[PDB]
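Novice: Just one file: final.cif, with mmCIF, C-alpha atoms.
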```cif
data_upload
loop_
_atom_site.label_atom_id
_atom_site.label_comp_id
_atom_site.auth_asym_id
_atom_site.auth_seq_id
_atom_site.Cartn_x
_atom_site.Cartn_y
_atom_site.Cartn_z
CA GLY F 1 111.03 85.31 104.05
CA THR F 2 114.82 85.21 104.30
CA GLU F 3 114.62 88.05 106.82
CA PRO F 4 111.83 87.68 109.42
CA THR F 5 112.13 85.34 112.40
CA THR F 6 108.47 85.02 113.38
CA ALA F 7 105.27 84.41 111.41
CA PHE F 8 103.63 87.48 112.95
CA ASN F 9 104.10 90.46 110.64
CA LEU F 10 102.12 93.47 109.39
CA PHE F 11 102.31 95.60 106.24
CA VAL F 12 103.54 99.11 107.03
CA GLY F 13 103.95 102.19 104.87
CA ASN F 14 104.77 105.89 104.78
CA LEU F 15 108.24 105.39 106.26
CA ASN F 16 109.65 108.40 104.41
CA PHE F 17 112.00 107.98 101.45
CA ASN F 18 115.05 110.04 102.43
CA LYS F 19 117.15 108.02 104.87
CA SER F 20 118.93 104.72 104.22
CA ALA F 21 117.36 101.26 104.21
CA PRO F 22 118.60 100.07 107.62
CA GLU F 23 118.08 103.62 108.88
CA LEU F 24 114.31 103.27 108.60
CA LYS F 25 114.01 99.99 110.50
CA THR F 26 115.36 101.74 113.60
CA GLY F 27 112.69 104.43 113.68
CA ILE F 28 109.93 101.94 112.88
CA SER F 29 110.89 99.75 115.83
CA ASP F 30 111.50 102.90 117.87
CA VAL F 31 108.01 104.40 117.69
CA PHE F 32 106.62 100.99 118.64
CA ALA F 33 108.99 100.72 121.60
CA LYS F 34 107.26 103.83 122.95
CA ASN F 35 103.85 102.15 122.78
CA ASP F 36 105.04 99.27 124.96
CA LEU F 37 105.52 97.23 121.79
CA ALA F 38 108.31 94.79 120.93
CA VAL F 39 109.44 93.97 117.39
CA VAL F 40 111.48 90.88 116.52
CA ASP F 41 112.49 92.10 113.06
CA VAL F 42 111.63 94.92 110.66
CA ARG F 43 111.80 94.88 106.86
CA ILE F 44 111.84 97.77 104.40
CA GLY F 45 110.94 97.76 100.71
CA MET F 46 113.22 98.93 97.91
CA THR F 47 111.46 102.28 97.50
CA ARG F 48 112.20 102.93 101.17
CA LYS F 49 108.61 104.16 101.49
CA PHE F 50 107.07 101.03 103.01
CA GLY F 51 107.88 97.68 104.59
CA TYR F 52 106.86 95.11 107.19
CA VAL F 53 107.08 94.77 110.97
CA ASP F 54 107.49 91.45 112.78
CA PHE F 55 106.24 91.03 116.35
CA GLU F 56 106.98 88.38 118.98
CA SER F 57 103.29 87.48 119.25
CA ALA F 58 99.97 88.41 117.65
CA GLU F 59 99.41 90.57 120.74
CA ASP F 60 102.09 93.15 119.95
CA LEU F 61 101.31 92.90 116.23
CA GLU F 62 97.56 93.49 116.53
CA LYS F 63 98.29 95.98 119.32
CA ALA F 64 100.00 98.36 116.89
CA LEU F 65 96.78 98.36 114.87
CA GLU F 66 94.86 99.36 117.99
CA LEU F 67 97.09 102.14 119.32
CA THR F 68 97.64 105.41 117.46
CA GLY F 69 100.17 108.19 116.97
CA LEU F 70 102.78 106.21 115.05
CA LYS F 71 105.35 108.32 113.20
CA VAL F 72 109.07 108.29 112.39
CA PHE F 73 111.54 110.83 111.02
CA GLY F 74 108.66 113.30 111.14
CA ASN F 75 106.39 111.42 108.75
CA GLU F 76 103.50 109.30 110.02
CA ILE F 77 103.81 105.60 109.19
CA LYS F 78 100.76 103.59 108.13
CA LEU F 79 99.92 100.16 109.54
CA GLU F 80 98.03 97.61 107.44
CA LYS F 81 97.48 93.87 106.98
CA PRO F 82 98.91 91.90 104.02
CA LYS F 83 97.10 89.32 101.90
CA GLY F 84 95.65 86.24 103.57
CA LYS F 85 93.33 83.28 103.05
CA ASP F 86 89.99 82.36 104.63
CA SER F 87 86.46 81.25 103.76
CA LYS F 88 85.42 84.77 104.75
CA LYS F 89 87.18 85.97 101.60
CA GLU F 90 84.08 84.76 99.75
CA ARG F 91 82.11 87.94 100.43
CA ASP F 92 85.15 89.98 101.46
CA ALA F 93 86.28 89.59 97.84
CA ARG F 94 83.26 91.59 96.68
CA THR F 95 85.61 94.58 96.64
CA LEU F 96 88.80 94.72 94.58
CA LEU F 97 91.99 96.72 95.13
CA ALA F 98 94.21 98.58 92.66
CA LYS F 99 97.91 99.40 92.88
CA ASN F 100 100.75 100.87 90.82
CA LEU F 101 98.83 104.10 90.23
CA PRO F 102 100.35 107.57 89.68
CA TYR F 103 99.95 110.48 92.10
CA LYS F 104 97.79 112.13 89.44
CA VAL F 105 95.57 109.11 88.80
CA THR F 106 91.81 109.53 89.13
CA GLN F 107 88.65 107.45 89.56
CA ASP F 108 87.50 107.70 85.94
CA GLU F 109 91.05 106.79 84.93
CA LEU F 110 90.99 103.31 86.47
CA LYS F 111 87.33 103.09 85.46
CA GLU F 112 88.62 102.90 81.88
CA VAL F 113 88.99 99.17 82.51
CA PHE F 114 86.25 98.38 85.03
CA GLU F 115 83.81 101.01 83.75
CA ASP F 116 81.13 98.32 84.06
CA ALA F 117 82.00 98.00 87.75
CA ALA F 118 79.39 98.86 90.37
CA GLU F 119 81.10 101.63 92.32
CA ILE F 120 84.54 103.25 92.40
CA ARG F 121 86.47 104.73 95.33
CA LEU F 122 89.92 106.28 94.91
CA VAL F 123 92.35 107.02 97.74
CA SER F 124 93.92 110.48 97.60
CA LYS F 125 95.08 112.94 100.27
CA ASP F 126 96.13 116.59 100.18
CA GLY F 127 94.73 116.64 96.66
CA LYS F 128 96.88 113.84 95.29
CA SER F 129 96.74 110.06 94.82
CA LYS F 130 98.44 107.75 97.31
CA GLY F 131 99.00 104.82 94.97
CA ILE F 132 95.82 102.81 95.51
CA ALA F 133 92.19 102.47 94.43
CA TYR F 134 89.30 100.57 96.02
CA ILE F 135 86.36 99.42 93.90
CA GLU F 136 83.18 97.62 94.96
CA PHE F 137 81.94 95.28 92.23
CA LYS F 138 78.49 93.68 92.03
CA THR F 139 79.92 90.21 92.68
CA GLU F 140 83.30 88.64 93.41
CA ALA F 141 82.70 86.68 90.20
CA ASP F 142 82.37 89.82 88.09
CA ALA F 143 85.16 91.57 90.00
CA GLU F 144 87.87 88.91 90.19
CA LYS F 145 87.00 88.18 86.56
CA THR F 146 87.37 91.81 85.50
CA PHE F 147 90.57 92.60 87.39
CA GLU F 148 92.06 89.33 86.14
CA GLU F 149 91.17 90.08 82.52
CA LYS F 150 91.56 93.86 82.51
CA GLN F 151 94.81 93.70 84.50
CA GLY F 152 97.63 94.93 82.28
CA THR F 153 96.08 98.18 81.08
CA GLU F 154 98.11 101.36 80.56
CA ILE F 155 97.28 104.54 82.47
CA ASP F 156 99.26 107.79 82.59
CA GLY F 157 101.94 106.00 80.58
CA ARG F 158 102.50 103.36 83.25
CA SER F 159 100.84 99.97 83.73
CA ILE F 160 98.49 99.82 86.71
CA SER F 161 98.16 96.48 88.51
CA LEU F 162 95.11 94.75 89.97
CA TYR F 163 94.58 92.65 93.09
CA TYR F 164 91.87 91.51 95.51
CA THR F 165 91.67 92.14 99.25
CA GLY F 166 88.84 92.32 101.76
CA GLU F 167 90.93 92.73 104.90
CA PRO F 168 90.39 90.74 108.12
CA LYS F 169 87.40 90.93 110.46
CA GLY F 170 86.58 93.99 112.55
CA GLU F 171 85.52 96.00 109.51
CA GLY F 172 81.89 95.82 110.59
CA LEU F 173 82.19 94.06 113.94
CA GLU F 174 83.97 96.93 115.70
#
```
The structure in this file should be written as structure tokens.
Specialist:
Amino acid sequence: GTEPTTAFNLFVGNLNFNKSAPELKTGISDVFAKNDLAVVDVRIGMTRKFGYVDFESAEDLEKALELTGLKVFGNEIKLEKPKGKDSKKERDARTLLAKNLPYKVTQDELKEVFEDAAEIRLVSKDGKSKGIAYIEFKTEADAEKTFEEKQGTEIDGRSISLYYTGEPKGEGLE
């Protein structure tokens, strides 16, 4: 916390890493202001490539996820939802998420740890990684147990992390 004023916030990314820290918040809240949105407070990470956006109510917050055409400083920001907690996570945990991966990382690479996994799905655009990797295990028990034990491996010289996330509803409903 020690920044946001409301409990309503969303995980944003692709805020361009060229301008200053407080120089990004402006644009972020700007683009939204054009979509009839109102932000109470905006936060930016240390890498100046991602951050969070706080909204007065869940309406404006969820609204941003509905609308489209969000970009600042030329680049197109990415809206997403942070980690949460709910009984739905039971099955939603079937799939694990990977982070701290290089722009040259590959599927087989991360598979070096969860090679026994069921399926692997990397996230790369323009012919380069984005810093993430989604994998669908056979069971949350075999997944959360593999990412919790394998976590700490070394790939491309760096140490890739491991986390779990199934995202909120709407995945199959909508």
Novice: Identify all residues satisfying the PyMOL selection byres ((chain F and resi 134) around 6) in the given file; provide them as a list in words.
Specialist: residues 97, 121, 122, 133 and 135 of chain F
Novice: Taking into account all atoms listed in the file, which residue in the set F:37, F:116, F:47, F:42 is nearest to residue 20 of chain F?
Specialist: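 Going through F:37, F:116, F:47, F:42 one by one, the smallest distance to residue 20 of chain F is for F:47.
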Novice: Which of these residues is nearest to residue 93 of chain F, using only C-alpha atoms: F:110, F:141, F:67, F:162?
Specialist: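 Smallest separation from residue 93 of chain F among the options: F:141.
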Novice: Mind giving me the axis-aligned box for segment 115-119 of chain F with 3 Å on every side, centre plus edges in Å to one decimal, as JSON?
Specialist:
```
{"center_x": 81.6, "center_y": 99.8, "center_z": 88.0, "size_x": 10.4, "size_y": 9.6, "size_z": 14.6}
```
Novice: Which residues fall under the PyMOL selection byres ((chain F and resi 23-30) around 9) in this file, as a list in words?
Specialist: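 Here the PyMOL selection byres ((chain F and resi 23-30) around 9) matches residues 15, 16, 17, 19, 20, 21, 22, 31, 32, 33, 34, 37, 38, 39, 40, 41, 42, 43, 44, 48, 51, 53, 70, 71, 72, 73 and 77 of chain F.
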Novice: Could you check how far atom CA of residue 89 of chain F sits from atom CA of residue 144 of chain F, in Å to one decimal?
Specialist: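 Distance reported for this atom pair: 11.8 Å.
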Novice: Do you know which residues are at most 12 Å from residue 136 of chain F counting all atoms listed in the file, after dropping those on the same chain fewer than 6 positions away, and could you put them as a ChimeraX atom specification?
Specialist: /F:91-98,111,114-122,142-144,146-147,164-166
